[PDB]
Each structure stands twice: as structure tokens, then as C-alpha cells.
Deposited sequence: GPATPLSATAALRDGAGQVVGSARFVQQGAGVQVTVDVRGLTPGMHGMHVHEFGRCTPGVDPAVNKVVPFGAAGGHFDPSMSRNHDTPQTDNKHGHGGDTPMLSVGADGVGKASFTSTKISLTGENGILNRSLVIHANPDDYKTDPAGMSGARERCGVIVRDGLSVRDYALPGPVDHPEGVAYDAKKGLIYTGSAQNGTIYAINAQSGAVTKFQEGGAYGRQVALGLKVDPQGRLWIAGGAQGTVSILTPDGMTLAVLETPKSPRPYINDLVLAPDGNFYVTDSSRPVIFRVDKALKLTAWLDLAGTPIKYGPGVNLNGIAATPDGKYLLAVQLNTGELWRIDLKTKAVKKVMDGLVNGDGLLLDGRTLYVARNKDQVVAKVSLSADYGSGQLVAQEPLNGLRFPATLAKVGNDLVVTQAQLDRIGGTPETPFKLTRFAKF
């Protein structure tokens, strides 16, 4: 099934007066435009940054021209175009899904606008209320029907009712160990486990929203506790994307350095190293992705032996293991990758990469009922100018 998108082109009164169709063909996008009611001659036609066609001037809410192709309308006011472009894409870091197509007046004012909507793939966005939320980790409590997601900027955990979308503050951030929230997991007791980023902490909250414990790691320079996972053996394993160590938290809540990575094939370098982590359901292995190198690693829980599984996942962030299928959020690339794993988890093949309906720095993944949810963290905009509202996006497995 090809990657394609459609934009229903509206005029200022909100009437749909045309359509633009986009079909990905390798590196190029085939574009077809049909629109009526325009003045004869050549018209500027550009992608703008936001997928909104409401006033901001008419169509001002579309924002500026998207930069990281002229429409000719005959005497009857009908504009017709058909070309292939290598300057746009429906996927990757510069993909145009959920942006807008705007037609201008001169070869000028904005005369037509349409939101570019992915064909054949339904999604549900859950908007968050704050100006700097930067939701990073996500987890789901199926018994309560609540999605939890945490702010990488200030540590607040929001609870989202998965059916209604209603957002509440599960626990405000700011306390010791609670100033940053990255990877999240819900354990069988309904407790929320929270990776603490540069605080070097792992925090645990009970389902009432109260803190149970803040666990510290050793004080050494540049801690960055990134993500964690509960293995079948009952232990949590915790990645640090800056310090070459994997931590373990046992059932009694004792945190230890479990594997020193120096001298293993995992070589830490500049940037984000191990971050997403998963546990195989047979209890034999951890899988962890190294973002900066793009390498996926298998770690034997009994011997601590390390094996490379595959390469090609640069910018790989959160992991979600579903049998022999591994989903990998690739944050800069704005896609969710799908990996098929061998039976001993010793090799893998990258089989698909989904841009969904447009993603802004997707960071982590969780299962919600029969679906998946991904955070649009926009972490590349932290301290800068993110698009608001921040959102989580729920979508079918693939």
C-alpha cells in the first residue's frame, strides 16, 4: 500500500473547492491539483508549516512557508496541476503530512488552503494543556483506562482518560527527583515508574498520584536516566544514555549498577547512547537501542553477554516489543519503525517505517488496548518554540 495524502482545498468562506493528491514515489512525490474559482494566470502554490486553514488575514493560521511549482488557471477559473517533486516528501524529518497546501494570488494574499491528510490511516490525537509540556514517556493502566505521560521539561505527569480524552494532572512536577519525567512504565500493581533524566533518579508513584519512593543512582558527572522496563524476572532494568551503565531495581526497590558497559561491544560516544529498552517475554534477554549509533543490542539476563542485533536505527528512542515485532520511535526522522526479529532475538530486519499522519519528534511508545500510542515530544524544541498544543497520537498496530 503506497504512502499518499489528500488535501481538500478550501476558500475563505470554508467551502471545499478543490483537491490536491500526493503520492510518494521513491524519493519523489507525485502531486495532482484541481481547484476552481481562481483568477486566470499563474498562482503561487506552497506548503506552509501548520495544518490549519483558519484565520490567523485569511488562512493566517497556516503559518509561514515550510522550507526544510506554480499553479496555472485557465480563463474559466480552473487550476490544474500535475508534477513530480523531489523537494517535498510525505515521510522523514521534512515530511509534509498534517501541514498545509496554500495557493496565493500572484505569481501575495492566500486564496486557498487545505490540510494535508494521510490517506488510509486513522489516528487519534490527545492534546495536552501546557505551553512547555514536552511529553516524553507514556504508559497505560488498562484497569483504570488511563494513559499517563510525563513532561521532560518540568516533571508533571498528566493522566488522560483513553476513552474521553479528558486530561488531568496525575502529579504536578517540581519536587526532589520529580523535576523531569522521561521513560514511564506501569507495573502490575498500577504503580508508575519514572525515569528522571539529568536528575539521576528513578521515581515510583502509587495509583493515587502520591510518591512512593525516589531512588538515586550513584553521584557521578552527567547522569541521564532515560528509560526503563519491567522484565519477567520481576526486576526493572534502567538505561542511562550518558553514563555507560545499566541499572537494575529489584522487587524490594533496591537500585544497583547491574552492567558496566565499558569493555562490552557497546561503546558510548557523544550524544544519546542507550535509551529505549525492552525485555523479551521468555525472560532471557533485554533489547536496548543506542540512539547515536543506531545499533540494537541484545543483553543476556543470566550471563550479561551482549550481542549486536542489527544496525540502521539512528535516532531510535523508545522501544515497544510485541512478540517478534519491535516498534522503534525514530525521533528526528519523525517515524515509527517496525523491526522483525528472529526467534532468538539475535537478528532483525527493518521492514517498515511509518510517518502516521505527521509526527513531531516522536519519543516513546505504549500499548493502549488494541492500539499503540506515541508521544510527540518536540524535544528538539525544548528551550525554543514548540508547536502547541503538545499531543500524544494513538494509532493501529502495523
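TODO: Walk along the deposited sequence from position 1 and note every stretch that has no C-alpha coordinates.
DONE: In the chain as deposited, 1-3, 60-67, 80-100, 140-150 carry no coordinates.
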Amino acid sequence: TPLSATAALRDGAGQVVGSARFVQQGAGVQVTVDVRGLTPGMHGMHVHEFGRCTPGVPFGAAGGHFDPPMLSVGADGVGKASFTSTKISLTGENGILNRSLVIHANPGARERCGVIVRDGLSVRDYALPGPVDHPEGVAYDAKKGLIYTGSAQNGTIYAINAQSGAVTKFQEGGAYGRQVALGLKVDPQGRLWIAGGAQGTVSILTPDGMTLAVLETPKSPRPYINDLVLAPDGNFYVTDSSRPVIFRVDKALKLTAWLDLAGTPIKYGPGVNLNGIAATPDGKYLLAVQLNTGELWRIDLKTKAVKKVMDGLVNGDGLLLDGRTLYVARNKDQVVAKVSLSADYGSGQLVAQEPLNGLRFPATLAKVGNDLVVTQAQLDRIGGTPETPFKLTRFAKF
From here on, numbers count along this sequence of modelled residues.
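- [ ] Could you settle it for me: does 300-308 or 316-324 have the higher average Cα B factor in the PDB entry?
- [x] Result: 300-308.
TODO: Would you determine, from the values in the PDB entry, which of 179-187 and 266-274 has the greater average C-alpha temperature factor?
DONE: Stretch with the greater average CA B-factor: 266-274.
TODO: Would you mind finding, among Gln199, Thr206, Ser151, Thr86, the residue with the largest C-alpha temperature factor in the entry?
DONE: Largest recorded C-alpha B-factor: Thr86.
TODO: Have a look at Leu341, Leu359, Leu372, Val31 and flag the one whose Cα has the highest B-factor in the entry.
DONE: When the deposited C-alpha B-factors of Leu341, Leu359, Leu372, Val31 are compared, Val31 is largest.
TODO: Rank-wise, by C-alpha B-factor, drop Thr388 into the lowest, middle or highest third of its chain.
DONE: Answer is middle: the recorded C-alpha B-factor places it there.
Open item on the list: Splitting the chain's C-alpha B-factors into thirds, which one does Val117 fall into?
Closed with: It belongs to the middle third of the chain when residues are ordered by C-alpha B-factor.
- [ ] Could you tell me which third, lowest, middle or highest, the C-alpha B-factor of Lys367 occupies within its chain?
- [x] Lowest third, going by the recorded CA B-factors of the chain.
TODO: Consider only the C-alpha atoms of the modelled residues in this chain, order them by B-factor as the entry records it, and name the third containing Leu192: lowest, middle or highest.
DONE: Answer is lowest: the recorded C-alpha B-factor places it there.
TODO: Rank-wise, by C-alpha B-factor, drop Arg243 into the lowest, middle or highest third of its chain.
DONE: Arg243: CA B-factor falls in the middle third of its chain.
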